[PDB]
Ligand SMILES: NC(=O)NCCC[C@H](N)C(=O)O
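Shown below, as structure tokens, is a lone chain in the form deposited without the named molecule; questions about how it binds or moves come after it.
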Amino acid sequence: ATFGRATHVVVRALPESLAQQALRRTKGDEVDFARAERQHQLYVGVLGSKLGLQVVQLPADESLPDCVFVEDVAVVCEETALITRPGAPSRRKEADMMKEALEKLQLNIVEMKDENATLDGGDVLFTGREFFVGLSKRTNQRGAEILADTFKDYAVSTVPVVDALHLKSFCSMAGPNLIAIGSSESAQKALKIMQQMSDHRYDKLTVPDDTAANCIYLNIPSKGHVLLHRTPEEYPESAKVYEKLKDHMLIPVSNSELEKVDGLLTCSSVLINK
């Protein structure tokens, strides 16, 4: 099928509490909230105004500092949506509003209710041909099993995620048969494992900065193959790699403030093809 096609996109506003209360592994430079809001605004602007997707914007919930990262709460494949049970307890309640939004988009809903199952959508890489699910501190075997049972039409393979929050903290799809991947020891090991479990040979787009390997690929009518990637200001050496892709419509998108709370490009949206 037409990989990357999307007609709708779900996003959620940033709560003021994100600045200081959102979970984060690195305690570095503080979040400039006003700037984070602007980066999110531009992100939504590209997806909706520029690319033409119908945008569903959910309201912020101050009691859920990480509610902006909608990707972790839902995995959509075709007409079916799997409402996950996030690994982090403080994010479990995010599923409530996402379930309602996807119900209204007329998708077949499947809820992950198993008290012993956890899965973050950020650990899920759908290549268009199969699923690769990262087993990390956010996603466990039972969660991955439930995903496999939900999307029976596709093969599901797991990969260990170490030294990183999610599988997509260092990879993502950059095209129909192209996997963007980081150059770290950890990222390369995961890549080898994924290619070892698949009979299909994937092409790779290797970038020097692991988090810059997270991009958003979309196939848009009248525009073709579109790729939203990190800016040269944020990752100069990785931007150079993306800029060589004259076969894609490249759109640089800032995400510096959300990355401070471990949210990369794919984390702030759930793409749907109706």
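Just count from 1 along the sequence shown to find any residue number.
We do not show the form deposited with the named molecule bound, though everything after this point is about it.
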- Would you kindly say which of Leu165, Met194, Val76, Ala174 lies with a heavy atom within 4.5 Å of the named molecule in the deposited bound form? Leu165
- 4.5 Å heavy atom contact with the named molecule in the deposited bound form for all of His40, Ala60 and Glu257: no
- Item | in the deposited bound form, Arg85 touching the named molecule (heavy atom, 4.5 Å) | no
- Task: Give a yes/no on whether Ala6 approaches the named molecule to within 4.5 Å in the deposited bound form, heavy atoms considered.
- Result: no
- Message: My question is simply whether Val270 lines the interface with the named molecule in the deposited bound form - judged by any non-hydrogen atom within 4.5 Å.
- Response: no
- Quick one: is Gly134 in contact with the named molecule in the deposited bound form, heavy atoms, 4.5 Å cut-off? no
- Proximity to the named molecule in the deposited bound form (heavy atom, within 4.5 Å), stretch among 184-192, 165-173, 200-208, 148-156: 165-173
- Task: Counting only non-hydrogen atoms and a 4.5 Å cut-off, give the residues of 64-78 close to the named molecule in the deposited bound form.
- Result: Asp66, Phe69, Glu71, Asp72
